[PDB]
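Below: data.cif (mmCIF, C-alpha atoms and all ligand atoms)
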data_input
#
loop_
_atom_site.label_atom_id
_atom_site.label_comp_id
_atom_site.auth_asym_id
_atom_site.auth_seq_id
_atom_site.Cartn_x
_atom_site.Cartn_y
_atom_site.Cartn_z
CA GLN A 1 -6.44 -10.43 9.02
CA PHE A 2 -6.46 -13.15 6.42
CA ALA A 3 -9.40 -15.52 6.46
CA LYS A 4 -7.59 -17.97 4.21
CA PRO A 5 -3.94 -18.34 3.28
CA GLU A 6 -4.78 -16.91 -0.14
CA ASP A 7 -5.81 -13.68 1.41
CA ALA A 8 -2.34 -13.27 2.92
CA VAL A 9 -0.83 -14.03 -0.50
CA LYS A 10 -2.95 -11.39 -2.23
CA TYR A 11 -2.05 -8.91 0.53
CA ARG A 12 1.70 -9.34 0.30
CA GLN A 13 1.71 -9.38 -3.48
CA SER A 14 -0.18 -6.06 -3.50
CA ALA A 15 2.23 -4.54 -0.96
CA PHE A 16 5.22 -5.57 -3.11
CA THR A 17 3.52 -4.16 -6.23
CA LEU A 18 3.15 -0.83 -4.50
CA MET A 19 6.66 -0.97 -3.02
CA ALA A 20 7.98 -1.62 -6.52
CA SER A 21 6.17 1.39 -7.93
CA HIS A 22 7.34 3.70 -5.16
CA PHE A 23 10.90 2.44 -5.38
CA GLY A 24 11.16 2.05 -9.14
CA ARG A 25 9.58 5.41 -9.93
CA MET A 26 12.63 7.09 -8.41
CA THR A 27 15.08 5.42 -10.77
CA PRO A 28 14.90 8.14 -13.44
CA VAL A 29 15.46 10.63 -10.65
CA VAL A 30 18.38 8.71 -9.18
CA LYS A 31 19.74 8.31 -12.73
CA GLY A 32 19.38 12.07 -13.54
CA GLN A 33 16.93 11.46 -16.37
CA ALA A 34 14.04 13.10 -14.40
CA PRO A 35 14.60 16.23 -12.23
CA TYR A 36 15.25 16.01 -8.47
CA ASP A 37 12.62 17.76 -6.23
CA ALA A 38 13.76 17.06 -2.63
CA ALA A 39 10.29 17.56 -1.17
CA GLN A 40 8.72 15.25 -3.82
CA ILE A 41 11.28 12.55 -2.89
CA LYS A 42 10.89 13.15 0.85
CA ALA A 43 7.10 12.56 0.49
CA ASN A 44 7.57 9.58 -1.79
CA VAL A 45 10.06 7.83 0.53
CA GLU A 46 7.55 8.41 3.40
CA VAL A 47 5.03 6.43 1.37
CA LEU A 48 7.63 3.77 0.57
CA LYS A 49 8.60 3.58 4.26
CA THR A 50 4.96 2.83 5.24
CA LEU A 51 4.59 0.28 2.49
CA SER A 52 7.88 -1.45 3.19
CA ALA A 53 6.70 -2.44 6.71
CA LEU A 54 3.56 -4.20 5.38
CA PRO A 55 4.50 -7.56 3.74
CA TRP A 56 6.04 -9.26 6.76
CA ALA A 57 2.87 -9.86 8.75
CA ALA A 58 1.41 -11.57 5.68
CA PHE A 59 4.02 -14.40 5.85
CA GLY A 60 2.38 -15.85 9.02
CA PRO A 61 2.21 -19.57 9.93
CA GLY A 62 0.26 -21.49 7.31
CA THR A 63 0.39 -18.78 4.51
CA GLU A 64 2.49 -20.75 2.09
CA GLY A 65 1.57 -19.92 -1.53
CA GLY A 66 2.13 -17.47 -4.38
CA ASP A 67 5.80 -17.14 -5.35
CA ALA A 68 6.95 -17.47 -1.74
CA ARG A 69 9.57 -20.23 -1.35
CA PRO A 70 8.98 -22.66 1.50
CA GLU A 71 12.39 -21.79 2.94
CA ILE A 72 10.82 -18.54 4.17
CA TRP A 73 9.22 -20.58 6.99
CA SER A 74 11.77 -23.35 7.56
CA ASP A 75 14.62 -20.77 7.72
CA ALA A 76 12.66 -18.15 9.68
CA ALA A 77 15.77 -16.52 11.22
CA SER A 78 17.45 -16.16 7.83
CA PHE A 79 14.34 -14.66 6.32
CA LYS A 80 13.95 -12.37 9.39
CA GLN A 81 17.56 -11.22 8.76
CA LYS A 82 16.88 -10.43 5.01
CA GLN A 83 13.73 -8.55 5.95
CA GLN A 84 15.37 -6.59 8.77
CA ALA A 85 18.35 -5.65 6.59
CA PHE A 86 15.90 -4.42 4.00
CA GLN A 87 13.88 -2.31 6.42
CA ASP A 88 17.13 -0.98 7.96
CA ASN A 89 18.16 0.14 4.45
CA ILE A 90 14.76 1.82 4.20
CA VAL A 91 15.58 3.81 7.34
CA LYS A 92 18.82 4.96 5.70
CA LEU A 93 16.89 5.97 2.57
CA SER A 94 14.37 7.99 4.69
CA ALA A 95 17.35 9.75 6.35
CA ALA A 96 18.87 10.64 2.96
CA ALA A 97 15.51 11.88 1.61
CA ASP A 98 14.80 13.80 4.77
CA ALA A 99 18.23 15.47 4.25
CA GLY A 100 17.47 16.42 0.62
CA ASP A 101 20.91 15.16 -0.32
CA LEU A 102 21.02 13.62 -3.76
CA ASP A 103 24.30 11.63 -3.41
CA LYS A 104 23.24 10.12 -0.09
CA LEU A 105 19.88 9.42 -1.87
CA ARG A 106 21.64 7.60 -4.79
CA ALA A 107 23.72 5.47 -2.38
CA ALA A 108 20.81 4.65 -0.08
CA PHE A 109 18.67 3.77 -3.12
CA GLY A 110 21.32 1.43 -4.37
CA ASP A 111 21.54 -0.37 -0.96
CA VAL A 112 17.74 -0.74 -0.85
CA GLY A 113 17.67 -2.21 -4.35
CA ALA A 114 20.36 -4.67 -3.40
CA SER A 115 18.37 -5.85 -0.36
CA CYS A 116 15.27 -6.23 -2.59
CA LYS A 117 17.30 -8.41 -4.97
CA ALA A 118 19.01 -10.38 -2.19
CA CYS A 119 15.68 -11.56 -0.87
CA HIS A 120 14.28 -12.09 -4.38
CA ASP A 121 17.10 -14.45 -5.17
CA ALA A 122 16.82 -16.52 -1.95
CA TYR A 123 13.08 -16.56 -1.27
CA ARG A 124 11.04 -16.05 -4.44
CA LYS A 125 10.31 -19.00 -6.75
CA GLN B 1 4.93 6.39 -12.90
CA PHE B 2 3.05 4.04 -15.17
CA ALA B 3 4.75 3.08 -18.41
CA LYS B 4 1.52 1.73 -19.83
CA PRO B 5 -2.10 2.19 -18.80
CA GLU B 6 -2.04 -1.35 -17.41
CA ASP B 7 0.56 -0.37 -14.91
CA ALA B 8 -1.77 2.27 -13.48
CA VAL B 9 -4.54 -0.34 -13.30
CA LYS B 10 -2.35 -2.80 -11.40
CA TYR B 11 -1.27 0.02 -9.07
CA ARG B 12 -4.74 1.18 -8.14
CA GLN B 13 -6.09 -2.33 -7.78
CA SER B 14 -3.26 -3.14 -5.34
CA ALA B 15 -3.90 0.05 -3.35
CA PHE B 16 -7.61 -0.84 -3.05
CA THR B 17 -6.72 -4.41 -1.99
CA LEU B 18 -4.59 -3.02 0.80
CA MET B 19 -7.16 -0.37 1.73
CA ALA B 20 -9.75 -3.14 1.95
CA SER B 21 -7.59 -5.20 4.27
CA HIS B 22 -6.80 -2.26 6.54
CA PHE B 23 -10.41 -1.14 6.63
CA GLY B 24 -12.08 -4.54 6.75
CA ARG B 25 -9.78 -5.94 9.41
CA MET B 26 -11.27 -3.48 11.88
CA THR B 27 -14.82 -4.73 11.42
CA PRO B 28 -14.61 -7.38 14.18
CA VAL B 29 -13.22 -4.64 16.40
CA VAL B 30 -15.93 -2.16 15.47
CA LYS B 31 -18.49 -4.96 15.94
CA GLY B 32 -17.10 -5.96 19.41
CA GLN B 33 -16.19 -9.47 18.28
CA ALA B 34 -12.41 -8.73 18.60
CA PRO B 35 -11.00 -6.60 21.48
CA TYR B 36 -10.34 -2.86 21.11
CA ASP B 37 -6.65 -1.78 21.59
CA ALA B 38 -6.63 2.01 20.96
CA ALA B 39 -2.95 2.10 20.07
CA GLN B 40 -3.34 -0.86 17.64
CA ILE B 41 -6.22 1.01 15.93
CA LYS B 42 -4.35 4.34 15.95
CA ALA B 43 -1.42 2.65 14.12
CA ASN B 44 -3.70 0.78 11.75
CA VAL B 45 -5.68 3.90 10.74
CA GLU B 46 -2.30 5.65 10.11
CA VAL B 47 -1.55 2.90 7.60
CA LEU B 48 -5.03 3.17 6.11
CA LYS B 49 -4.65 6.97 5.88
CA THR B 50 -1.44 6.60 3.81
CA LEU B 51 -3.00 3.97 1.59
CA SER B 52 -6.23 5.87 1.06
CA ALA B 53 -4.34 8.75 -0.65
CA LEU B 54 -2.73 6.43 -3.24
CA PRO B 55 -5.33 5.34 -5.87
CA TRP B 56 -6.22 8.77 -7.24
CA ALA B 57 -3.01 9.49 -9.10
CA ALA B 58 -3.43 6.15 -10.88
CA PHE B 59 -6.66 7.34 -12.63
CA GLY B 60 -4.66 9.74 -14.89
CA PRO B 61 -5.54 10.64 -18.51
CA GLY B 62 -5.46 7.56 -20.70
CA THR B 63 -5.56 4.92 -17.83
CA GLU B 64 -8.94 3.48 -18.68
CA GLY B 65 -9.11 -0.25 -17.85
CA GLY B 66 -9.69 -2.77 -15.07
CA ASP B 67 -13.09 -2.36 -13.39
CA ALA B 68 -12.95 1.43 -13.67
CA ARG B 69 -16.07 2.83 -15.37
CA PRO B 70 -15.45 5.34 -18.14
CA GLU B 71 -17.59 7.89 -16.29
CA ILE B 72 -14.62 8.37 -13.95
CA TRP B 73 -13.00 10.48 -16.70
CA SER B 74 -16.01 12.01 -18.45
CA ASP B 75 -17.48 13.12 -15.07
CA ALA B 76 -14.15 14.15 -13.52
CA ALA B 77 -15.72 16.67 -11.08
CA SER B 78 -18.21 14.11 -9.81
CA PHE B 79 -15.51 11.53 -9.33
CA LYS B 80 -13.28 14.18 -7.65
CA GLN B 81 -16.19 14.86 -5.26
CA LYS B 82 -16.63 11.10 -4.37
CA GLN B 83 -12.89 10.77 -3.81
CA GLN B 84 -12.63 13.94 -1.71
CA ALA B 85 -15.62 12.95 0.43
CA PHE B 86 -13.96 9.62 0.99
CA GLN B 87 -10.60 11.08 2.01
CA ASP B 88 -12.40 13.65 4.22
CA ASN B 89 -14.11 10.72 5.99
CA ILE B 90 -10.64 9.20 6.39
CA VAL B 91 -9.54 12.37 8.20
CA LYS B 92 -12.50 11.97 10.57
CA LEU B 93 -11.54 8.33 11.17
CA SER B 94 -7.90 9.33 11.95
CA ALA B 95 -9.26 11.90 14.45
CA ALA B 96 -11.43 9.27 16.17
CA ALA B 97 -8.55 6.76 16.30
CA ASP B 98 -6.14 9.38 17.50
CA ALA B 99 -8.68 10.09 20.31
CA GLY B 100 -8.94 6.41 21.31
CA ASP B 101 -12.70 6.81 21.43
CA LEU B 102 -14.55 3.69 20.40
CA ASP B 103 -17.99 5.27 19.65
CA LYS B 104 -16.46 8.03 17.53
CA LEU B 105 -14.43 5.17 15.89
CA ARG B 106 -17.63 3.15 15.12
CA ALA B 107 -19.36 6.21 13.60
CA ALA B 108 -16.34 7.32 11.58
CA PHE B 109 -15.86 3.74 10.33
CA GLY B 110 -19.43 3.60 9.21
CA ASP B 111 -19.09 6.92 7.25
CA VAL B 112 -15.90 5.66 5.57
CA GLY B 113 -17.60 2.41 4.55
CA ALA B 114 -20.49 4.35 3.09
CA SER B 115 -18.13 6.50 0.98
CA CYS B 116 -16.36 3.31 -0.22
CA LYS B 117 -19.73 1.89 -1.29
CA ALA B 118 -20.97 5.16 -2.83
CA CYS B 119 -18.05 5.22 -5.22
CA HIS B 120 -18.25 1.46 -5.83
CA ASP B 121 -21.82 1.82 -6.97
CA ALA B 122 -21.20 4.78 -9.33
CA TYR B 123 -17.76 4.06 -10.75
CA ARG B 124 -16.90 0.35 -10.65
CA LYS B 125 -18.15 -1.98 -13.40
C1 LIG C 201 12.47 -3.75 -2.35
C2 LIG C 201 11.88 -2.34 -2.38
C3 LIG C 201 11.55 -4.81 -3.01
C4 LIG C 201 10.85 -4.73 -4.20
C5 LIG C 201 10.86 -3.52 -5.09
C6 LIG C 201 10.18 -5.93 -4.38
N1 LIG C 201 10.45 -6.80 -3.37
FE1 LIG C 201 9.88 -8.69 -3.11
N2 LIG C 201 8.94 -10.39 -2.71
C7 LIG C 201 9.35 -11.25 -1.72
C8 LIG C 201 8.65 -12.49 -1.75
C9 LIG C 201 8.80 -13.71 -0.83
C10 LIG C 201 7.79 -12.35 -2.81
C11 LIG C 201 6.77 -13.36 -3.28
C12 LIG C 201 5.40 -13.02 -2.66
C13 LIG C 201 4.28 -13.99 -3.04
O1 LIG C 201 4.04 -14.22 -4.24
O2 LIG C 201 3.65 -14.60 -2.13
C14 LIG C 201 8.01 -11.08 -3.37
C15 LIG C 201 7.33 -10.51 -4.49
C16 LIG C 201 7.62 -9.28 -5.11
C17 LIG C 201 6.96 -8.78 -6.23
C18 LIG C 201 5.82 -9.40 -7.00
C19 LIG C 201 4.46 -9.15 -6.36
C20 LIG C 201 3.28 -9.68 -7.15
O3 LIG C 201 2.63 -8.91 -7.82
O4 LIG C 201 3.03 -10.91 -7.09
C21 LIG C 201 7.58 -7.57 -6.51
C22 LIG C 201 7.21 -6.60 -7.62
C23 LIG C 201 8.57 -7.41 -5.55
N3 LIG C 201 8.59 -8.41 -4.67
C24 LIG C 201 9.38 -6.28 -5.45
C25 LIG C 201 10.32 -10.97 -0.76
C26 LIG C 201 11.03 -9.77 -0.54
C27 LIG C 201 11.95 -9.56 0.52
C28 LIG C 201 12.26 -10.53 1.68
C29 LIG C 201 12.97 -10.08 2.93
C30 LIG C 201 12.38 -8.27 0.33
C31 LIG C 201 13.35 -7.53 1.17
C32 LIG C 201 11.74 -7.85 -0.82
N4 LIG C 201 10.90 -8.75 -1.37
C33 LIG C 201 11.83 -6.59 -1.36
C34 LIG C 201 11.26 -6.11 -2.54
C1 LIG C 202 -12.96 2.44 1.09
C2 LIG C 202 -11.95 2.16 2.21
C3 LIG C 202 -12.77 1.53 -0.14
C4 LIG C 202 -12.55 0.16 -0.19
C5 LIG C 202 -12.43 -0.70 1.03
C6 LIG C 202 -12.47 -0.22 -1.52
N1 LIG C 202 -12.67 0.85 -2.34
FE1 LIG C 202 -12.77 0.95 -4.33
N2 LIG C 202 -12.44 1.02 -6.29
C7 LIG C 202 -12.75 2.13 -7.05
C8 LIG C 202 -12.61 1.88 -8.44
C9 LIG C 202 -12.87 2.83 -9.62
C10 LIG C 202 -12.18 0.58 -8.50
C11 LIG C 202 -11.84 -0.20 -9.74
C12 LIG C 202 -10.32 -0.13 -9.97
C13 LIG C 202 -9.83 -0.86 -11.22
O1 LIG C 202 -10.12 -2.05 -11.40
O2 LIG C 202 -9.19 -0.22 -12.11
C14 LIG C 202 -12.11 0.10 -7.18
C15 LIG C 202 -11.71 -1.20 -6.77
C16 LIG C 202 -11.73 -1.72 -5.46
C17 LIG C 202 -11.36 -3.01 -5.10
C18 LIG C 202 -10.88 -4.13 -6.00
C19 LIG C 202 -9.38 -4.03 -6.30
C20 LIG C 202 -8.84 -5.18 -7.13
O3 LIG C 202 -8.22 -6.06 -6.57
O4 LIG C 202 -9.04 -5.18 -8.37
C21 LIG C 202 -11.56 -3.09 -3.73
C22 LIG C 202 -11.28 -4.29 -2.84
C23 LIG C 202 -12.03 -1.84 -3.34
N3 LIG C 202 -12.10 -0.99 -4.36
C24 LIG C 202 -12.29 -1.49 -2.02
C25 LIG C 202 -13.16 3.37 -6.54
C26 LIG C 202 -13.26 3.79 -5.21
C27 LIG C 202 -13.61 5.10 -4.80
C28 LIG C 202 -13.83 6.33 -5.72
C29 LIG C 202 -13.85 7.73 -5.19
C30 LIG C 202 -13.59 5.05 -3.43
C31 LIG C 202 -13.87 6.15 -2.49
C32 LIG C 202 -13.28 3.72 -3.15
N4 LIG C 202 -13.07 2.94 -4.21
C33 LIG C 202 -13.09 3.21 -1.88
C34 LIG C 202 -12.84 1.89 -1.51
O1 LIG C 203 15.49 -3.21 -7.59
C1 LIG C 203 15.16 -4.38 -7.56
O2 LIG C 203 16.07 -5.51 -7.69
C2 LIG C 203 15.24 -6.69 -7.54
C3 LIG C 203 15.24 -7.58 -8.80
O3 LIG C 203 15.48 -6.78 -9.97
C4 LIG C 203 16.29 -8.69 -8.72
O4 LIG C 203 16.10 -9.65 -9.77
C5 LIG C 203 13.86 -6.17 -7.22
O5 LIG C 203 12.86 -6.94 -6.79
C6 LIG C 203 13.82 -4.86 -7.39
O6 LIG C 203 12.75 -4.10 -7.46
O1 LIG C 204 -17.19 -1.36 3.20
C1 LIG C 204 -17.33 -1.42 1.99
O2 LIG C 204 -18.57 -1.17 1.26
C2 LIG C 204 -18.22 -1.30 -0.14
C3 LIG C 204 -18.98 -2.45 -0.83
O3 LIG C 204 -19.31 -3.47 0.12
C4 LIG C 204 -20.27 -1.96 -1.51
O4 LIG C 204 -20.81 -2.97 -2.37
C5 LIG C 204 -16.73 -1.51 -0.17
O5 LIG C 204 -16.00 -1.46 -1.28
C6 LIG C 204 -16.28 -1.73 1.05
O6 LIG C 204 -15.10 -2.21 1.40
#

Written as structure tokens, how would this file's structure read?
Amino acid sequence: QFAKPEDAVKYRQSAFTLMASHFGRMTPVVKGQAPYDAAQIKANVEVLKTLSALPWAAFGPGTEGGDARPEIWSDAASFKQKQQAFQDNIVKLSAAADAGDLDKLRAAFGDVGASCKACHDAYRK
Amino acid sequence: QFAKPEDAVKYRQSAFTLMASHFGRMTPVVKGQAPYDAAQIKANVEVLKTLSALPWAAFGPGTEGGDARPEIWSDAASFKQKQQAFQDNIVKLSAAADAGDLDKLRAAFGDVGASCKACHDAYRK
């Protein structure tokens, strides 16, 4: 859906921006500094779930650019693993939110954050 | 969820970028230049539906900036109307996609585009 490589870059960057907002906005809730409304979190994690599936199709052949390291394409299996671990952690987070269970939410949120960071470290410039 | 006004601006801009991709990518399909896969479109409009609900909360009090005209806040009812018409057209588009009906899809897509443009003209700089 990306006329030029740059269009894929702008796409993925915007997806990550939104992912970051939907993830990061729950930190004061996971930390206890903002109140916990299970339905609010259930709805928010649904948004985050949708968003979290979006970037991957925007790392197609020939879409090198932005802060994407070239190893994303030369180590495609390793990047596929980091991405699939991440989305798998998203499934666990949806399950926790869907349960309305704050401890399971805190643990799932921590795992998701870790997978964000793991890819950050390997595959962002 | 926006520490500073600028954070709301970056949020909404990213939502619109993604909306634009998910809307605009269907043009060759609505035009007949790319093939029509009803399930592909059903899934895509589900994404667009999620995305299309996102910008509005990022035009909160005190988030003036970007290409947002100040009339968005001084004419809050008029902007609320343009936004609600738009999202209502999104519901019609979801119904068409969910039906797998290409003519209803083409008409719904046209109405959505028009609502995009109507707000563009009034409320973007
Ligand atoms: C888990 C929820 C997250 C969060 C919160 C973020 N990421 Fe990543 N990200 C990845 C790559 C390759 C990039 C560079 C993209 C490019 O420039 O082409 C990024 C970028 C970001 C950003 C910055 C976006 C921008 O405005 O430019 C942010 C805020 C961000 N990410 C947050 C790669 C990955 C992963 C690879 C498997 C995973 C997993 C994540 N990111 C997860 C997250
Ligand atoms: C219908 C599906 C659409 C599409 C495809 C787009 N819009 Fe709008 N949009 C609105 C406002 C006030 C802005 C300015 C935001 C800001 O800068 O603070 C925008 C911006 C855009 C963009 C540019 C995003 C960027 O990268 O900076 C794009 C690509 C875009 N829009 C497309 C306002 C509205 C509406 C008010 C009710 C409605 C409806 C729409 N936009 C709808 C759409
Ligand atoms: O929670 C997160 O951890 C990483 C980053 O902080 C690692 O440096 C990231 O992208 C997040 O949003
Ligand atoms: O389909 C669209 O119409 C408007 C714009 O072209 C009006 O100038 C817009 O934002 C779209 O994505």

Show me which residues are within 7 Å of ligand LIG 202 (chain C) counting all atoms listed in the file, and format the list as number ranges by chain. B: 9, 12-14, 16-17, 19-20, 23-24, 52, 65-69, 79-80, 82-83, 86, 112-113, 115-117, 119-120, 123-124

Please check the contacts: residues of chain A at most 9 Å away from chain B, using all atoms listed in the file, listed as an MDAnalysis selection string. chainID A and resid 1:2 10:15 17:18 21:22 24:26 47 50:51

CA of residue 114 in chain A and atom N3 of ligand LIG 201 (chain C) are how many Å apart? 12.4 Å

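Distance annotation: of A:102, A:93, A:72, A:107, the residue with the minimal separation from ligand LIG 201 (chain C) is A:72; atom set is all atoms listed in the file.
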
At most 7 Å from (12.4, 4.6, -0.2), file frame, all atoms listed in the file: which residues, as a PDB file with C-alpha atoms, keeping the file's coordinate frame?
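That gives us selection14.pdb:
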ATOM      1  CA  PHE A  23      10.900   2.440  -5.380  1.00  0.00           C
ATOM      2  CA  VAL A  45      10.060   7.830   0.530  1.00  0.00           C
ATOM      3  CA  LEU A  48       7.630   3.770   0.570  1.00  0.00           C
ATOM      4  CA  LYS A  49       8.600   3.580   4.260  1.00  0.00           C
ATOM      5  CA  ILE A  90      14.760   1.820   4.200  1.00  0.00           C
ATOM      6  CA  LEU A  93      16.890   5.970   2.570  1.00  0.00           C
ATOM      7  CA  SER A  94      14.370   7.990   4.690  1.00  0.00           C
ATOM      8  CA  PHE A 109      18.670   3.770  -3.120  1.00  0.00           C
TER       9      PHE A 109
END

So how many Å separate atom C3 of ligand LIG 203 (chain C) and CA of residue 108 in chain A, to one decimal?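 One can read the atom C3 of ligand LIG 203 (chain C) to CA of residue 108 in chain A distance as 16.0 Å.
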
Could you please determine the separation between atom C4 of ligand LIG 204 (chain C) and CA of residue 111 in chain B in Å, to one decimal place? 12.5 Å

Padding 6 Å on each side, edges along x, y and z: where is the centre of the box around the listed atoms of ligand LIG 203 (chain C), and how long are its edges in Å to one decimal? Output it as JSON.
{"center_x": 14.5, "center_y": -6.4, "center_z": -8.4, "size_x": 15.5, "size_y": 18.4, "size_z": 15.2}

Missing atoms in range 12-36 of chain B: fill them in up to N, CA and C atoms and send the result as a PDB file, in the frame of the given file.
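Output contents, as saved in result-v4.pdb:
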ATOM      1  N   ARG B  12      -3.570   0.860  -8.900  1.00  0.00           N
ATOM      2  CA  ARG B  12      -4.740   1.180  -8.140  1.00  0.00           C
ATOM      3  C   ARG B  12      -5.446  -0.023  -7.539  1.00  0.00           C
ATOM      4  N   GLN B  13      -5.519  -1.105  -8.299  1.00  0.00           N
ATOM      5  CA  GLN B  13      -6.090  -2.330  -7.780  1.00  0.00           C
ATOM      6  C   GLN B  13      -5.358  -2.829  -6.512  1.00  0.00           C
ATOM      7  N   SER B  14      -4.043  -2.762  -6.544  1.00  0.00           N
ATOM      8  CA  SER B  14      -3.260  -3.140  -5.340  1.00  0.00           C
ATOM      9  C   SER B  14      -3.481  -2.201  -4.143  1.00  0.00           C
ATOM     10  N   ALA B  15      -3.527  -0.899  -4.396  1.00  0.00           N
ATOM     11  CA  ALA B  15      -3.900   0.050  -3.350  1.00  0.00           C
ATOM     12  C   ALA B  15      -5.286  -0.268  -2.735  1.00  0.00           C
ATOM     13  N   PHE B  16      -6.305  -0.523  -3.573  1.00  0.00           N
ATOM     14  CA  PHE B  16      -7.610  -0.840  -3.050  1.00  0.00           C
ATOM     15  C   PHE B  16      -7.630  -2.129  -2.251  1.00  0.00           C
ATOM     16  N   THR B  17      -6.869  -3.127  -2.713  1.00  0.00           N
ATOM     17  CA  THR B  17      -6.720  -4.410  -1.990  1.00  0.00           C
ATOM     18  C   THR B  17      -6.190  -4.129  -0.570  1.00  0.00           C
ATOM     19  N   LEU B  18      -5.160  -3.320  -0.503  1.00  0.00           N
ATOM     20  CA  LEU B  18      -4.590  -3.020   0.800  1.00  0.00           C
ATOM     21  C   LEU B  18      -5.505  -2.177   1.636  1.00  0.00           C
ATOM     22  N   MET B  19      -6.157  -1.152   1.023  1.00  0.00           N
ATOM     23  CA  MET B  19      -7.160  -0.370   1.730  1.00  0.00           C
ATOM     24  C   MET B  19      -8.253  -1.278   2.343  1.00  0.00           C
ATOM     25  N   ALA B  20      -8.732  -2.207   1.536  1.00  0.00           N
ATOM     26  CA  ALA B  20      -9.750  -3.140   1.950  1.00  0.00           C
ATOM     27  C   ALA B  20      -9.327  -3.959   3.138  1.00  0.00           C
ATOM     28  N   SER B  21      -8.105  -4.479   3.104  1.00  0.00           N
ATOM     29  CA  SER B  21      -7.590  -5.200   4.270  1.00  0.00           C
ATOM     30  C   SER B  21      -7.486  -4.340   5.509  1.00  0.00           C
ATOM     31  N   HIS B  22      -6.948  -3.133   5.374  1.00  0.00           N
ATOM     32  CA  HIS B  22      -6.800  -2.260   6.540  1.00  0.00           C
ATOM     33  C   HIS B  22      -8.081  -1.718   7.061  1.00  0.00           C
ATOM     34  N   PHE B  23      -9.083  -1.550   6.184  1.00  0.00           N
ATOM     35  CA  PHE B  23     -10.410  -1.140   6.630  1.00  0.00           C
ATOM     36  C   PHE B  23     -11.149  -2.321   7.237  1.00  0.00           C
ATOM     37  N   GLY B  24     -11.250  -3.379   6.444  1.00  0.00           N
ATOM     38  CA  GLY B  24     -12.080  -4.540   6.750  1.00  0.00           C
ATOM     39  C   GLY B  24     -11.620  -5.287   7.974  1.00  0.00           C
ATOM     40  N   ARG B  25     -10.327  -5.200   8.252  1.00  0.00           N
ATOM     41  CA  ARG B  25      -9.780  -5.940   9.410  1.00  0.00           C
ATOM     42  C   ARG B  25     -10.251  -5.352  10.708  1.00  0.00           C
ATOM     43  N   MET B  26     -10.772  -4.128  10.683  1.00  0.00           N
ATOM     44  CA  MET B  26     -11.270  -3.480  11.880  1.00  0.00           C
ATOM     45  C   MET B  26     -12.728  -3.784  12.141  1.00  0.00           C
ATOM     46  N   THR B  27     -13.386  -4.503  11.240  1.00  0.00           N
ATOM     47  CA  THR B  27     -14.820  -4.730  11.420  1.00  0.00           C
ATOM     48  C   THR B  27     -15.059  -5.534  12.703  1.00  0.00           C
ATOM     49  N   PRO B  28     -14.252  -6.618  12.962  1.00  0.00           N
ATOM     50  CA  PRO B  28     -14.610  -7.380  14.180  1.00  0.00           C
ATOM     51  C   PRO B  28     -14.383  -6.538  15.414  1.00  0.00           C
ATOM     52  N   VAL B  29     -13.446  -5.582  15.318  1.00  0.00           N
ATOM     53  CA  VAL B  29     -13.220  -4.640  16.400  1.00  0.00           C
ATOM     54  C   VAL B  29     -14.353  -3.648  16.527  1.00  0.00           C
ATOM     55  N   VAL B  30     -14.789  -3.069  15.423  1.00  0.00           N
ATOM     56  CA  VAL B  30     -15.930  -2.160  15.470  1.00  0.00           C
ATOM     57  C   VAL B  30     -17.227  -2.896  15.903  1.00  0.00           C
ATOM     58  N   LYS B  31     -17.350  -4.166  15.526  1.00  0.00           N
ATOM     59  CA  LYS B  31     -18.490  -4.960  15.940  1.00  0.00           C
ATOM     60  C   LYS B  31     -18.355  -5.510  17.394  1.00  0.00           C
ATOM     61  N   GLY B  32     -17.191  -5.445  18.034  1.00  0.00           N
ATOM     62  CA  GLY B  32     -17.100  -5.960  19.410  1.00  0.00           C
ATOM     63  C   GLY B  32     -16.669  -7.411  19.478  1.00  0.00           C
ATOM     64  N   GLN B  33     -16.614  -8.062  18.331  1.00  0.00           N
ATOM     65  CA  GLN B  33     -16.190  -9.470  18.280  1.00  0.00           C
ATOM     66  C   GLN B  33     -14.678  -9.718  18.519  1.00  0.00           C
ATOM     67  N   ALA B  34     -13.824  -8.735  18.235  1.00  0.00           N
ATOM     68  CA  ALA B  34     -12.410  -8.730  18.600  1.00  0.00           C
ATOM     69  C   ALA B  34     -12.187  -7.567  19.578  1.00  0.00           C
ATOM     70  N   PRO B  35     -11.168  -7.680  20.484  1.00  0.00           N
ATOM     71  CA  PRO B  35     -11.000  -6.600  21.480  1.00  0.00           C
ATOM     72  C   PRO B  35     -10.493  -5.290  20.810  1.00  0.00           C
ATOM     73  N   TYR B  36     -10.771  -4.167  21.489  1.00  0.00           N
ATOM     74  CA  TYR B  36     -10.340  -2.860  21.110  1.00  0.00           C
ATOM     75  C   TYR B  36      -9.057  -2.406  21.832  1.00  0.00           C
TER      76      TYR B  36
END
